[PDB]
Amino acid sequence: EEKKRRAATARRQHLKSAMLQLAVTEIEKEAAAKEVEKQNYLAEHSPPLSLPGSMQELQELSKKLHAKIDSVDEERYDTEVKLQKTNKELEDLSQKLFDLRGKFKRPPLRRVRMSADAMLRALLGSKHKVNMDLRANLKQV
């Protein structure tokens, strides 16, 4: 009567946790690496400026930049709008799922207020020692 079956499940768990554990450590790798790409991109599209001589150069350069500004700014704008468009597209999709299942996990928009841990830190500053998460507390001996 499948008496041993119990060990099978524990494995999946052992593995699942071996997975998540793997995930997390990989998660921050991609994260920092990602950033690296960000500073390189910026590394060339706007490298450590070096102010020219003065007369024509400083004026010229200034005009150069100022024009690019309206340029980059417009691009920045268009981008922001494509984002708006996108966030919009998923909100609708974040609907077409609600009224078809109900309140599902991981809504894309996520309405979150400040955490209690935040409020606590913010108000007591130094004396806020409780790594609160879920761990209840029953007397230890």
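For every residue, the number given is its place in the sequence shown, counted from 1.
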| property | result |
| --- | --- |
| 104-112 versus 38-46 - greater average Cα B-factor per the deposited record | 104-112 |
| Between 116-124 and 5-13 (mean CA B-factor, as deposited), the higher | 5-13 |
| Selection by C-alpha B-factor (highest) of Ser94, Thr79, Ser54, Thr86 | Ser54 |
| Chain-wide C-alpha B factor ranking for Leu58, given as lowest, middle or highest third | highest |
